[PDB]
Each structure stands twice: as structure tokens, then as C-alpha cells.
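Peer 1: Please find one structure pasted underneath; my questions will follow.
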Amino acid sequence: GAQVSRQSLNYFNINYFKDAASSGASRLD
Amino acid sequence: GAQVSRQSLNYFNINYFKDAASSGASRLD
Amino acid sequence: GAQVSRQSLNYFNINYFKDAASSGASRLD
Amino acid sequence: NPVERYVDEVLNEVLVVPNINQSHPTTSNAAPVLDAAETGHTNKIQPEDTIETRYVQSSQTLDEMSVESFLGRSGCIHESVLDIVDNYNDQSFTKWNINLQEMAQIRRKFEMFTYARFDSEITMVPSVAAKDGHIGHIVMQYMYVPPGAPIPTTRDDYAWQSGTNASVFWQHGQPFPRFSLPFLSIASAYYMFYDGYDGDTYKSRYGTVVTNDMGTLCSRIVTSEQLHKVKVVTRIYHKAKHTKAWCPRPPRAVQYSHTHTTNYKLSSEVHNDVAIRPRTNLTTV
Amino acid sequence: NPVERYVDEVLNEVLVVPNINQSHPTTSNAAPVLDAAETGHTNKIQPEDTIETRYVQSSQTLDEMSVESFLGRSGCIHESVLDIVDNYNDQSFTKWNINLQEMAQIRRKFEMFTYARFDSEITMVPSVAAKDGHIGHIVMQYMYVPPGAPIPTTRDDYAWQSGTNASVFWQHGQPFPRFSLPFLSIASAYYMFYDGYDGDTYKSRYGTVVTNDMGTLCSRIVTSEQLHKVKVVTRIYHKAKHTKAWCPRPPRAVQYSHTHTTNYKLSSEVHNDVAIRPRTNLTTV
Amino acid sequence: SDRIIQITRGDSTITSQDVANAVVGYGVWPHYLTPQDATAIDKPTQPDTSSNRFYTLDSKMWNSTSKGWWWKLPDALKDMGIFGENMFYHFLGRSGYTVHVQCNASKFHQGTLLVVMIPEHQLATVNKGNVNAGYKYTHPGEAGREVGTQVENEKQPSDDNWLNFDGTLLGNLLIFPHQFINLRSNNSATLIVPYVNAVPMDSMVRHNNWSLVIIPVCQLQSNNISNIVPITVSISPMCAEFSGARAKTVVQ
Amino acid sequence: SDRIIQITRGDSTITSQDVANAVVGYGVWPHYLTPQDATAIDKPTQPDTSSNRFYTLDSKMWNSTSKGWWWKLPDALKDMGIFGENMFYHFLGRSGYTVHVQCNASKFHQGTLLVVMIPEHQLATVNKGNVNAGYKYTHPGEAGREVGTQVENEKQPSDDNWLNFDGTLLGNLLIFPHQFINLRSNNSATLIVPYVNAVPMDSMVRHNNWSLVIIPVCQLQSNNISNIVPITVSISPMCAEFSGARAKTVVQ
Amino acid sequence: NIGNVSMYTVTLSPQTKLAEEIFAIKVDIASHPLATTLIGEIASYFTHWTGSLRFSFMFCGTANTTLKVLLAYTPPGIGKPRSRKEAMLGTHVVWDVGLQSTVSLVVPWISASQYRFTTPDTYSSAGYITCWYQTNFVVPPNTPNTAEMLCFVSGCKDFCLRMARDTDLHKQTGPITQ
Amino acid sequence: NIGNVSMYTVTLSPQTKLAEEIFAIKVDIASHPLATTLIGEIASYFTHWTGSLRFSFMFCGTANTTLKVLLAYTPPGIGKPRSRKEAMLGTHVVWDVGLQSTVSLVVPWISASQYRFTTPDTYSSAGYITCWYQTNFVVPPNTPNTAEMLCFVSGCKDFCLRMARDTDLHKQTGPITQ
Ligand SMILES: Cc1cc(CCCOc2c(C)cc(-c3noc(C(F)(F)F)n3)cc2C)on1
Ligand SMILES: Cc1cc(CCCOc2c(C)cc(-c3noc(C(F)(F)F)n3)cc2C)on1
Ligand SMILES: [Zn+2]
Ligand SMILES: [Zn+2]
């Protein structure tokens, strides 16, 4: 569960648990 | 949040938290 | 800080800290 | 770029404020400074319109003022007490009718909106006070009994089996327990306020107590009776995650008195009941 | 190469010093050794100009002498004491007006610059002294009350709810607490020195006390009263990260006496007040 | 000739035929505030030549026992023409300076003056606990302060020249922009300093950005002591600009 | 709406919801002195927004017997912030102005004020031979002159409003830039005048370029006389620039 | 007045002395009386603030009541103005009462530092807003001799808050029970 | 002299005996009297040092005062020179006083090891700098018979410090209070 980005600057947005409630603070706007 | 390099010597500059203040000591010059 | 090899047998020589003194025992010869 | 947006997150520069542009002297029959508050709209005049301004590149960001940020800080919502005084069986367990109305600090912030939808992060801070000297091996059990589920009535009630309800076991010495909760309402958002009843008679209940039932939080000291008596106080902390709020409202201006109600009390000298400080007169800064 | 630069970091060879080149005998009317200090400049003469030198490949690096390195070591800045003597309610909590001026070692280093900008890493070292024998279960709460926020006046003040302020809960037995802080000033850099006041009268305050307000650090023993009294001393450590400094200045030459001020004291024999050691005479090494 | 210098500012031109070059503090030449660094949003006022000119302060007399002198900017120019007027009518001010210290004697005189420009020279008090230097004492005006004269008062600053009036050793003042006026070599010192502060503009009334310190490190001596040897200071603001206009502030 | 006006100068913004348009003296908008017309050779100082702002003078009370009022520029602003400071520190000054006269009453009041801006309004004396108006009398400052009050003195100017205080008939003042404040139509007057003189710059101390004259031609009347009806004047310099800096001139 | 709607209005009336002072308060977004306004309350949840403030005033008198008033902002580094002349030298707006009932005065961000503390701190006190009679309050016969004025506040496009903190504009001195 | 500016100057004057000694100090960057100089203070924050040192001297006498002086650096492994002849055999500069007021003597890095300890340690003591009259201090009549000299120090392109440590050039023997 990783939203791997690339640029090299590879972003790794990982969700450790299988529930949306489990993830950290949301992004803005 | 990883600044993956390559050479193979792959550098992995990882920022574990989403705040610049959180990262370790800075690079020089 | 990983010296990723390949063969597939991918070797991952990782240096967790930014000082040479920090790494483990040296290789031979 | 999912990576360019990443940098903005790390630097907290997602929401930037506009710059101030250079303005000049003017003479016109277009008068921005004049308007009509009766319309119910706020005059949208900016500094460049009332004075001659210079050009300035703004660097401030509104990130921290976001709803996610405003309601995303963990605050205390309950202080559970298990105090062993003279009867372990009666005093080693308790229950709490869950609500976000007992502590003023987080309550006031949520109540600055009419409706709010969010997931929750609950963090617990248990502390064992050694009343007689030792604390032995303390193990705690926290069980969420949703409305309808059987509520334990003794420290060994079969309900503690938690065959379906979620329970969290904490062992003294281990890190603070924590877990997430998904948006729980049967509606689309939580009611911060509710101008309605649960019936149509003089005896029907009024307010959020009608719509905000969240069940009961039952807890007990799992460890069986020990020689030395302890007093375990578990403080519960709550934080909203993935938040949305609707219809902002006036901030609570007087102290809260009860849960689920906007009731308040007034003294004979009301200036003491509000944060407003009496002015000597109109011209005394 | 982001990888070649990596190797220089591991080896600490980012900033290399120049080599000494072979020089030869000279006879010229160009005299490098002669100059004029009145100009306010330092003669840039090097060894190759005053003697016949050999060629030498330098291997020294200036990395460790960088500002990041000089101010990047965690040092003690405060020693908070909660000593339970005879009244748990009064003695189980305290507060501190935050500042980097109480401990001489780190203060002197920062004060070698006029302005400094940096993020901070705070690390806490709590130690519970068992005055009567046991320490029970000790849980601590450290809360940062920014200027303006309500300061608790009892161990159960509603402010401890920390609905917005940041609080860190530590449990005895767990690792030392630590967190980062972003550059906090309302200005572009922190003032190490400030030749100004907060007014223009004989009673206006002078110095950095006017510009360096950082709020209050409040702390309490979360655990309720226990039979055996303890003395908890929490030592706070600070380190600068991502640092920048401007306008270097003379190092503190005498002992510090107070915070936010350069005031000092002199004895009847001033040579005792400075590190300068009296010389027997001009020619006694 | 590298021994000569002519400095023209506004309607003033100063000369010296025996200089020791010139110093530009931190190698940065004074310049106006840019929109990227500015914070105050009203259009600034820039008097230009009516404020960016040389203002000569009261001369001082240097003798065999002089311990030194200091002035603070912009305080020293608070009563100097348009520049002075502007620092009191506005809340904010910003300026750089060209400081030209003058002192001539003869080829038979000897003496040495250490001329320094210190940023944020926060003065100390001695043996007075946490009582700090009073506003009045750090705002002497063009008259400055004569080290070793003032009859002590509780809020009076340290007068120890060897400790820089702030708890640091004199020998290290050279780390700040400076020059020496060594009678045998030069008869003047010239320092050009840019605006230095942690904020783009500031109150000219309650914040002295720079401090001019002059300490005779090598005693004045000659076989004609009756001839008075003065020290004269001429300062010229540079890129002076002010913001936040209103009534004129009156101090004291 | 053509009845509304907003005038922004520096840090000041003035409004009126009942104007009678505005007047630009001789159809020339104020502008800075060009190099083709300039004569003085030093670089001028231009305070910009710190001087080109609205300065409100002392209000006057208009009643059934008022004979009129007059002010002279730049005299009237001699004590107004930065602008005032600049006219005394320099030998030469040059400026245009935006004159906004204010007077409101009610839809049940009636009265009419003739508001005029006269260039070179050289006052006369009456029955006093060749003795002319004294400097003191033509330099009243922000207080101006209240026609019909001053206890005669030999060097006192003519106080005859019907003869324009200069031997000419009032009815012809309309040949100068002017407006009327007819209570039934407007509550303000706005006149913008450029610099007018036979020389590019002049002494702000001894030469008053413009004179603001206000004469009630139609008497103030209403059935609620106790309610005081003031007249207020706000003047803003435009393109103010000064030259020939020195010490500050002190008059009297 | 506290505890009554009148605490929100300022009374105007025919004056016998010219240029009289009408009101005067600090500009500081979180100081009193601005504290309990919505923007003041929100500002009290943060430690720092910056940006320009928008003060508006709506004349509540009759349609036949006229008035000219001077609203001024005095930047810091000086005491509050003791007269209209003294105030007028700073940032100001001359308000003419007419068909449009409301006027706005913008308090531009004029500060040495990019931000200021929201809590009452000497170093960062932002100045004052004073109001003076420019001309006078005038009415025809048979018309009320006094009138009210309402005062509003909000932030401009550059307003911004920083460093979240708990508010001191609200407290809990006891348990909130069921 | 400590506590007076005179602690920074060395007095010169007409001699009756030839080649007299003027001053002598250790070269060690962190030893006394070099300790409190800026480079000495910074060196005291590190354990090791290396590189060449730059010593400068500015003659403070009158423009008509002449003088020739010999500045010498004695590498280690021998005691400080007891005479000009003894000193002159090492690294030195003969300084002629003239239009240019200042002269510089570079103490080259001459060591067995690549670095030395900054703290006073026998094994790593770097040597001495002595100053002697090469000719004499001469003046015309009616001219002061003594003159001062100022001494400066800084590091050359090869100077370098290593191993950060706390300084012993400053202490705290009590609480620093508010
Ligand atoms: C409006 C609104 C929204 C909410 C939800 C508040 C969160 O309340 C809780 C808490 C604090 C804990 C649990 C909980 N779930 O499992 C556990 C266990 F581990 F404690 F058992 N506790 C469940 C709810 C609904 O209350 N009012
Ligand atoms: C100059 C200058 C710069 C600074 C900042 C010093 C750091 O001070 C602190 C510390 C030590 C701790 C906290 C802090 N934040 O959260 C906590 C908690 F966990 F302790 F609550 N402590 C906040 C500041 C500003 O002080 N002077
Ligand atoms: Zn025990
Ligand atoms: Zn025990």
C-alpha cells in the first residue's frame, strides 16, 4: 500500500493498515 | 519521501516525517 | 546509502549512519 | 506533480496568501471604501485601495489554519478513575457514557461549526498510583460496548470475554495504547448542535443527546486482587483525522455547565461571566 | 553526483583545505610581508611567501568547523525539578520561562554570532529519585504554553487538557522523549544580541528579553499522589539543526550573571575575572 | 594615489590625503529594501540627497589619558536635518552609513585609534545584578559617551574599554568592520556599512543598529602637547527610507 | 455615481457622497519640474507619500453672519508633518495641491459658499497710504483669517469681502479656479491645482503661491440654528519637491 | 453596557466644540475590545498574526441626518493621538455619511517584523484607531438629536495566523456533567 | 597590565646594549597569551590543530621614528633562544619600519605529526616566537623616546581544527538567573 512517486525524488505515501481511518492527517485543499 | 540516487551505489535520503524541522543535520556549504 | 548489487541475487550493503566509523567489520584482503 | 505537492507539504506552503501590489494616488467617483453592511456582505476592499502601497511578496501560508489542522490536535476528553479503597470487586472496574462534551478545550473548537465529519484517533494515558507502595503487575482492559451490547456489572461478567466488541489490553510498562475509529454516525455528519427532540411532548429530550449516542467505554483492572491498593487513572485523548466541517458559528462565550446542552449560568454581574473586559470609557485604549 | 557527494559526507571530506606548494628563494621589490593593518584588512600572506616551502598534499577538511557542526551538539539548557516534600498538589507540577540563556556552555557558542536561524531538537532526560524507597508508576506530562495561552495554576487545571497546545507524555521505563521545533521567531532570525528597548522611557526594558519571548514549559507528574515521595528532575537538552549565523563577535570573556543581558561583575583583582593568565614579564614563555 | 580619497554624498564632499583604504562592512554595499524582503506594505519615503549627506557631530579632544568614545546609530543623528526629522515622524526607518573619522596631528606625533562599527552592541552594567543600561544612557545623541567621565548612576552602562562595555575582550573587536588611525600612517578612517538587522525595517527610536566605538589603543604622545588634537566624526546616511508616517514622536 | 468621489493621497482617503464634480485649475494636472524648465542645479528631494497626503486644518464655524475665510499656501501647511519640515529646511520648494472643502447640513438648510483658489493673491490695505499687509498677517498658518474679526492694526490687510481684499469685485472671482458649495446640492468642493509661478521653484517661506478664499454668498439659514455647521478644509500637496538643503529656517 | 446590545453601538450627536474625539481602541487583533469578535476569537487560538485589518462602520441615524467623521490609524512608536490634528497625520479615511451607510478603514500591515504576537506584548503592539468629528452631526428640525453607529472588523487578503495555541478567552473551572 | 589596554602593546625605545630581546611567547595556538585571541578561543573548542600561523606587527611610533627588528620562530626540540644569534638560526623575518606600518611573520607548520593537541601538551608543543632589536630604535631630536607596537594573529590557508570539545577558557560556577 504505497503511492510511489518519482522526479530522483521518489515519494512513498504508505498506508500500513487496510482501513482509511488508520492513516494520518489529510492533505490540504 | 526518499531522494534515491544511483551510480550500483544507490543513495537513499529519507525524510520520515512531513516537516523540514524533523530531518537531521544539514549538508555542508 | 546502499550498494545494491544484482545477479536474481541482489546484494544490499547498507550504511545506516553517515560516518565510515559507524559501519560493521571490514571485508577481507 | 505528486512530488512537487510533497515538497509543499514538508515546507507547509500548500495554501499561499496573495501579494500586496503597488498602488497609486487616485481621484475617482468609484468609492471602494463606501458600501452597505445591510446587504449582509463584507466590503471586499483591500489595502491597495485606501492607501498608496508598495509591492510586497507574501510568504505566509494558510496551511496551519486549515480545519484539518485546527481540529487535528489530540486533547483530553475523559479522565477515568479506578480507585481501590476497600473492595476490589466493586472498585476494580467502571464504565463511561462516551461523549466529546466533558472537556471545554476540545469541545469549544468543534462547536465552532454546526456539523463535522471525521475519523478519530484515540490515545490512552494510564497511570498507576502506588497508594501502599507497590503496583505489582498491572494489566488493563478497555472494551467498547456499542449501544445495545451487554454492559458488564461485575469484574468477571461474561461480557468481558469481548467475543465481538473491540477490547484493548494494555500492560503497564508498555507504550501508550492507541487506535483509529472510522466516522461512526448513522447520518452523514456529526451534529455539533441539534434544534430538535426525540418526540413531540413536554417530556421529549432536546439537543444533541438525542442524536449523539456513542455507547459505553467499559474498563477493568484485569489483574486479580493484590495486597497493595492502587489508583489507576486513565486519561483518554481524542483527535480528528480526515476532517470536514460545515456552517461556522459564534464561539462559546460563557463557561459550559452540562453535556449535550448549550445551557449556561449568569451571575448578578454578567461582565464576570464573559471574556469581555469593562472599558473605562469609549476613548480609553 | 548526488552519490559522489554522499561519499564525501561519509568520509567528511566536503570542505578540503588547499595544498602548500613548493616555493623558491626570491629577491624582489614586491614585499608581501609588509602591509597596513590600519586598512582593517588581514594581510593575506601565506607560508610560501616567507620561506622556501616544499610541496605538500593537504588532507585536512573543514567539515567539523562548519556552523552546522559547531552548534549541532545537544547540550543542557534547563534542569526542571519536581520535589515532593509535604504537599503533592503544590509540588507535583511546575513551569519554566523558556530561554537558551541559563546554561553557559551552549549560550557562549550561540553568542559568538549576532543573529542565528535554526530549527531545534529538544531531548529530555527525566530521572526519578526514590526518596522513600519505591517510585511506583511515574508518568510525566510536558506542555508547551505559547505566549498568551492559559498557564495552569494547579495540577488539575483545565489547561492540562492540552486541546491545542502540544504536550508530550513520557512513561518511566520508556526511551527519552524527543521532538523537533521549526524556526519560531516572528523575525527572520533569532537575536543573539539586541541594542534596543520595548519603549522610549527610563523604564523601558533593554536587551534580548524584549525580542526573545518563547513562552512557558509547564510540566506535572500525571500519576496521582503515591505513598512514597519522589523527586523528579527533568533535564532539557537543545541542539540546532539546519543552522545559519551572521556577524561573528568576540567570545564571552567573563562569567555570565543573568539571562538576556550582557551584564557582568568585576572583583578588586580583575585578572581573576578573565581567562588571561598573568605573565611574569614580556620574555617569559 | 591610493593615499587620497574623496567622498561625495548629497551636497557634501569630504576629502583626506592620508587614508588607509576604506572598509565596506561584510562586503555588502548599502541598498534599498526589495519587495522580496519587505514586510510593511505602505510605500516608503526616500529623502535621497536631503538625508543621504554627511552630518558632522561635535568634535572630541584626544589627550594622553583618553579612554575612548562611543556613539550609537541612528541615535547620534536624531537631531540632524531631514534625516533626524524622518526618524521621528515615522514608525519605521532603514539606512546604511558612510562613517568618516578624522584625526590629524604631525609627523612628530604618535598614537593609535581603533575605529569599530559594531552591530547590536548590547551594553552591559557592572556589579548591578540584572539592572540594565537605561534608555537615556544609550541615547546620548551627537555628543556620544566619553569613557571615564560620567559620574556613576545605577542605570549607567559599563565603562570598561578593555571589556568592550559588554563582557568581551577588546583585542577581538577586529572581528567587526574596523580600521585603525595610526597617526604615523593616516589621518582618517572610512567605513561604509549596510543595513544589518533580523527584520527589513525597524524603529529608529528604540533600536540602535550600529555602534561606533573609538578606543585609543596606542597612547597619544608628542613633544608639543599644548596643541590640541581633536577627533571629528562625519556620518552620512545611505539609502535612507522610512515608513509608517504619523505625528512626530517626542522622547522623554 | 457622479455624485460620489474618493480621493486617495499617500495614507489618506477622503470621500464625499454629494460632490459637484471636481475642478482642475487651468486644466493642468500637477507634475514634477522637468529639466527644460528647471534652473536650480542640485538634485531635488521628493518625499512622495510622506508629504503628498491630506492635512486637515482647524475647522471653522459657519453662521448667519459669517463674512468669509481665507488661507494661503504653502503657509497654511507650514506646520503639517514632513511637508512642513521640508519647506523650512530648504530654500526652494514646489508643489501642487488637492483642496477638498467640506460642509454638510441638511435638506432643510440653505446657504452657499463660493470656494476659490487665487494665484498671487496680493492683498491690499485700506486708507493707509502705501503701507502694505505685514508678513505676519499674510502668514496666519492653518488658522487662516476670519473676515470681520481682527481688531485693526496698521499693517492689517483689507477685510472687504466684496472687494476681494484687493480692490476687485467679488462677482468676478469666478474667473479663477472655483466651485460653490450650495447646501441643497453638495456637501463638498474639490479643486486640484498645479504649481503656478513665473519661476520653476520658489521660497516656501516668503512666497505664497495660492490663496484659498471662502465667501458665503448666500446666507446660512434653517429652522434649527442651534446645530453648529462647521466648514472643514483638507489639503494634500502633490509632487512636492524641495531644493537647497541647509539648517531649518525659523520665522519671527 | 456589557450584557446589553448597547455595548455594540457608539452614539453620535451635535457638538458644541470642534473636532471632538469619538472613540479610541488598540488595533491589536486579540486585545480588548476586539478580543471577542470572531476574528479576535480565532486569533486567540494562535500565537502569531500578520496582515491588514478591515474596520467598517455603518451609520444608524435617519436618512436626513448628515455627518463627516475622520477615522485614523496611528502606527506604533508614539502614543495615541491627543487631537484630530495629531491623528490626521497618520493613515486615515474621511467618511461622509450619505446613501451608502457604511465606510471602511483598512489598517495596513505596518510592522518591523513579518509577524506579531496575538497576546498583548509591548514589542508587538500595533497601534491605534481613533475616530473624530471632521465637521459635525447635523439634522433638520423634528429629528432625533442622537444616532448610533455600528462597528465591524475582519481581515484582508493578507491576514494570516500562525502557531496554534489554546485560548485564554474561555475556561473551565469545574466538571462539566451530564 | 591586565585590565588595561596596555596589555595589548609592547614598548620599544633606544637601546644602550645591542641585540636586546623584546618579547617571547609560545607558538601554541591555545597557550597563553594567545589563548584569548579569537583564533585561540576557537581553537579551545577543539582538541587538535594544524596549519601555519600568521603573526603581524604594526609599529605605532611617529613617522620620523625608524627601527629594524628581527622576528624569529624556533621549531621545537630545543629551548627558546637565549640570544638574537641563537634565534636568527631558525625561521625569521627582519622587519624594517617604514611607510608600511605592518609586517607579518608566518610560523610554518613544522611538526612530526599531521596535527597537535590544542591543550598544553609536552609532546606537541610547537615552539617559540621571539623578537629582537636588529639595529636600533632611532629618532630625531624633540621626538618621543618610546613607541608602542601592536601584535596580531590569524591562521593561514592551511590552518585547521579537529575534534570538537568544550572550552576551559570560560566557566559557570553558579546559576545564571533571570
Ligand atoms: C460527535 C461525537 C463523535 C464521537 C466519537 C468519540 C469517540 O468515542 C469513542 C472512544 C473514545 C473510544 C472507543 C473505543 N473503541 O474500542 C475501545 C477500546 F479499546 F477502548 F475498547 N474504545 C469508541 C468510541 C465511539 O463522540 N461524539
Ligand atoms: C533564541 C531562542 C530560540 C529558542 C527556542 C528554544 C527552544 O525552547 C522550547 C523548548 C525547549 C521546548 C518547547 C516545547 N514544545 O512542546 C514541548 C512539550 F513536549 F514539552 F510540551 N516543549 C518549545 C520551545 C519554544 O529560545 N531562544
Ligand atoms: Zn515495594
Ligand atoms: Zn519497594
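Chains as they are written, first to last, in PDB author numbering: chain D, 1 to 7, 23 to 44; chain D', 1 to 7, 23 to 44; chain D'', 1 to 7, 23 to 44; chain A, 1 to 285; chain A', 1 to 285; chain B, 10 to 261; chain B', 10 to 261; chain C, 61 to 238; chain C', 61 to 238. A prime marks a further copy of an entry chain. Note that CB positions come from ideal geometry on N, CA and C, so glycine has one too.
I want to know whether the stretch 182-192 of chain B' touches the stretch 91-105 of chain B' - three or more CB-CB distances under 8 Å.
Peer 2: no
Peer 1: Quick check: does the Cβ of A'/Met192 come within less than 8 Å of any heavy atom belonging to ligand 2?
Peer 2: The residue labelled residue 192 of chain A' in the question sits at position 192 within the fifth sequence. Yes; taking the cut-off as 8 Å, the Cβ of A'/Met192 has a heavy atom of ligand 2 nearer than that.
Peer 1: Hey, B'/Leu122 and B'/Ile244 are a contact pair by Cβ (cut 8 Å); roughly how many whole angstroms apart?
Peer 2: Translated into the one-based positions of the seventh sequence, residue 122 of chain B' becomes position 113. Translated into the one-based positions of the seventh sequence, residue 244 of chain B' becomes position 235. Not quite, the Cβ-Cβ distance comes to about 16 Å (not below 8 Å), so this is no contact.
Peer 1: Should A'/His134 be counted as a contact of ligand 3 given a C-beta to heavy atom distance under 8 Å?
Peer 2: Taking the fifth sequence and counting its residues from 1, the one referred to as residue 134 of chain A' is at position 134. Flag set: Cβ of A'/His134 near ligand 3.
Peer 1: By Cβ distance below 6 Å, which residues in the same chain neighbour B'/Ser59 in space, the five residues on each side in sequence not counted?
Peer 2: Stepping through the seventh sequence from its first residue, residue 59 of chain B' is reached at position 50. If we look at B'/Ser59 and ignore the five residues flanking it on each side, its Cβ neighbours are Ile91.
Peer 1: Mind checking A/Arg205: buried by the 16 CB within 10 Å criterion, or exposed?
Peer 2: As a first step, residue 205 of chain A must be located in the fourth sequence, where it is residue number 205. Exposed, since its Cβ has fewer than 16 Cβ neighbours within 10 Å.
Peer 1: At a cut-off of 8 Å, is A/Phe179 close to ligand 1 when judged by its beta-carbon and the heavy atoms of the ligand?
Peer 2: One-based indexing of the fourth sequence puts residue 179 of chain A at position 179. With a threshold of 8 Å, the Cβ atom of A/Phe179 counts as near ligand 1, since some heavy atom of the ligand is closer than that.
Peer 1: Can you find a CB in chain C that lies within less than 9 Å of the CB of A/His24?
Peer 2: For the purposes of this step, residue 24 of chain A is taken as the residue at position 24 of the fourth sequence. No - not a single Cβ of chain C is within 9 Å of the one on A/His24.
Peer 1: For the beta strand (DSSP E) holding A'/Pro126, just list the boundary residues, first then last.
Peer 2: By 1-based counting over the fifth sequence, the position of residue 126 of chain A' is 126. 113-130 is the extent of the beta strand (DSSP E) around A'/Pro126.
Peer 1: Alpha carbon to alpha carbon, how far is C'/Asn64 from C'/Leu165? Give it in angstroms, no decimals.
Peer 2: Stepping through the ninth sequence from its first residue, residue 165 of chain C' is reached at position 105. Stepping through the ninth sequence from its first residue, residue 64 of chain C' is reached at position 4. Roughly 26 Å separates the two Cα atoms.
Peer 1: Below 9 Å between beta carbons: does that hold for A'/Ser66 and A'/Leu15?
Peer 2: In the fifth sequence, counting from the first residue as 1, residue 66 of chain A' sits at position 66. In the fifth sequence, counting from the first residue as 1, residue 15 of chain A' sits at position 15. Against a cut-off of 9 Å, the Cβ pair of A'/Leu15 and A'/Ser66 comes out as a contact.
Peer 1: Could you name the residues of the same chain whose beta carbon sits closer than 8 Å to that of B/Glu94, not counting the 5 residues immediately before and after it, in chain order?
Peer 2: Counted from its first residue, the sixth sequence places residue 94 of chain B at position 85. Answer for B/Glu94: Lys257, listed in chain order.
Peer 1: Comparing the C-beta of B'/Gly90 with each C-beta of chain B, is any distance below 9 Å?
Peer 2: The count along the seventh sequence starts at 1 and reaches residue 90 of chain B' at position 81. For B'/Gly90, the answer is yes, since a Cβ of chain B falls inside 9 Å of its Cβ.
Peer 1: List, in order along the chain, the chain D'' residues whose C-beta lies closer than 8 Å to that of A'/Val10?
Peer 2: The residue given as residue 10 of chain A' occupies position 10 in the fifth sequence. Per Cβ cutoff of 8 Å: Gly1, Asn30, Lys33, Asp34, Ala35.
Peer 1: Which value, in whole angstroms, describes the spacing of the CA atoms of A/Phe169 and A/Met143?
Peer 2: In the fourth sequence, the residue the question calls residue 169 of chain A occupies position 169. In the fourth sequence, the residue the question calls residue 143 of chain A occupies position 143. Whole-angstrom Cα-Cα distance: 9 Å.
Peer 1: Is C/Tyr175 a contact residue of ligand 2, with contact defined as CB to any heavy atom under 8 Å?
Peer 2: Sequence index remark: in the eighth sequence, residue 175 of chain C carries index 115 (1-based). No; taking the cut-off as 8 Å, the Cβ of C/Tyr175 has no heavy atom of ligand 2 nearer than that.
Peer 1: Rounded to whole angstroms, what's the CA-CA distance from C/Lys140 to B'/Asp211? Just pull it up for me.
Peer 2: Here the question's residue 140 of chain C lines up with position 80 in the eighth sequence. Here the question's residue 211 of chain B' lines up with position 202 in the seventh sequence. In this structure, the alpha-carbon of C/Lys140 lies about 36 Å from that of B'/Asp211.
Peer 1: Is the shortest distance between the beta-carbon of C'/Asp218 and the beta-carbons of chain A' less than 9 Å?
Peer 2: Taking the first residue of the ninth sequence as 1, we reach residue 218 of chain C' at position 158. Closer than 9 Å: yes.
Peer 1: Taking only heavy atoms of ligand 1 into account, decide whether any of them is closer than 8 Å to the Cβ of A'/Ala275.
Peer 2: Here residue 275 of chain A' refers to the residue found at position 275 of the fifth sequence. Outside the cutoff, so no.
Peer 1: Which same chain residues end up closer than 6 Å to B'/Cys227 when comparing Cβ atoms and leaving out the 5 residues on each side of it in sequence?
Peer 2: As a first step, residue 227 of chain B' must be located in the seventh sequence, where it is residue number 218. Closer than 6 Å at Cβ, skipping near neighbours: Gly120, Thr121.
Peer 1: On the three-state DSSP scale, how would you describe C/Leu98?
Peer 2: Position 38 of the eighth sequence, counted from the start, is the residue given in the question as residue 98 of chain C. The answer is helix: DSSP assigns C/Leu98 an H, G or I state.
Peer 1: Just verifying my parser: in three-state terms, what is the DSSP assignment at B/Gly180?
Peer 2: Start at 1 with the first residue of the sixth sequence, and residue 180 of chain B comes out as number 171. Of the three classes helix, strand and coil, the one that applies to B/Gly180 here is helix, per DSSP.
Peer 1: Quick one: what does DSSP say A'/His271 is sitting in, helix, strand or coil?
Peer 2: For the purposes of this step, residue 271 of chain A' is taken as residue 271 along the fifth sequence, with counting starting at 1. A'/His271 falls in the helix class under three-state DSSP.
Peer 1: Determine whether the beta carbon atoms of C/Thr134 and C/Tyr68 lie at a separation below 9 Å.
Peer 2: Mapped onto the eighth sequence, residue 134 of chain C falls at position 74. Mapped onto the eighth sequence, residue 68 of chain C falls at position 8. Their beta carbons are not under 9 Å apart, which means C/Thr134 does not touch C/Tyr68 by this criterion.
Peer 1: Does the Cβ of A/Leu82 lie closer than 8 Å to at least one heavy atom of ligand 1?
Peer 2: As a working note, residue 82 of chain A is residue 82 in the fourth sequence. Because no heavy atom of ligand 1 lies under 8 Å away, the Cβ of A/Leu82 does not count as near it: no.
Peer 1: State the CB to CB distance for the pair A'/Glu38 and B/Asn191, rounded to an integer number of angstroms; the pair is presumed to be in contact (CB under 8 Å).
Peer 2: As a working mapping, residue 38 of chain A' is identified with position 38 in the fifth sequence. As a working mapping, residue 191 of chain B is identified with position 182 in the sixth sequence. In this structure A'/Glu38 touches B/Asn191 by the C-beta definition: roughly 5 Å separates them, less than 8 Å.
Peer 1: The stretch 138-155 of chain C: which residues have C-beta closer than 9 Å to a C-beta of chain B', in chain order?
Peer 2: Those residues of the stretch 138-155 of chain C that come within reach of chain B' (Cβ to Cβ, closer than 9 Å) are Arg144, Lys145, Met148, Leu149, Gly150, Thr151, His152, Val153, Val154, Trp155.
Peer 1: Extract the residue ranges of the beta strand (DSSP E) inside the stretch 168-199 of chain A', only unbroken runs of 3 or more that lie entirely within it.
Peer 2: 178-181
Peer 1: Using a Cβ-Cβ cut-off of 8 Å (strictly less than) and excluding sequence neighbours within five positions of A/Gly72, which residues of its own chain qualify?
Peer 2: What you label residue 72 of chain A is simply residue 72 of the fourth sequence in a count that begins at 1. The beta carbon of A/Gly72 sits closer than 8 Å to those of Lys239, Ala240, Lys241, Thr243, all from its chain and outside the five residues before and after it, given in chain order.
Peer 1: Kindly say whether residue 289 of chain A, judged by its beta-carbon, lies nearer than 9 Å to any beta-carbon of chain D.
Peer 2: Missing from the structure shown is residue 289 of chain A; chain A here goes from 1 to 285 and no further.
Peer 1: Fully enclosed by the stretch 115-152 of chain B', which beta strand (DSSP E) runs are 3 residues long or longer?
Peer 2: 119-128
Peer 1: Among the candidates C'/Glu80, C'/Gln75, C'/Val198, whose CA atom is the shortest distance from the CA of A'/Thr283?
Peer 2: Taking the fifth sequence and counting its residues from 1, one reaches residue 283 of chain A' at position 283. Nearest of C'/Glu80, C'/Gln75, C'/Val198 to A'/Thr283, Cα basis: C'/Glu80.
Peer 1: Determine, for B/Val260, whether the minimum Cβ-Cβ distance to residues of chain A' falls below 9 Å.
Peer 2: For the purposes of this step, residue 260 of chain B is taken as the residue at position 251 of the sixth sequence. Interface residue, yes.
Peer 1: Does the beta-carbon of B/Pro186 have 16 or more other beta-carbons within 10 angstroms, so that it is buried, or is it exposed?
Peer 2: Position 177 of the sixth sequence holds residue 186 of chain B. Buried: at least 16 other Cβ atoms inside 10 Å.
Peer 1: Is B'/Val124 closer than 9 Å to B'/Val110 when the C-beta atoms are compared?
Peer 2: Here residue 110 of chain B' is taken as the residue at index 101 of the seventh sequence, counted from 1. Here residue 124 of chain B' is taken as the residue at index 115 of the seventh sequence, counted from 1. Yes, the Cβ-Cβ distance between B'/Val110 and B'/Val124 is below 9 Å.
Peer 1: Using a Cβ distance threshold of 8 Å, determine whether the stretch 186-205 of chain A' contacts the stretch 81-96 of chain A', with at least three qualifying pairs required.
Peer 2: no
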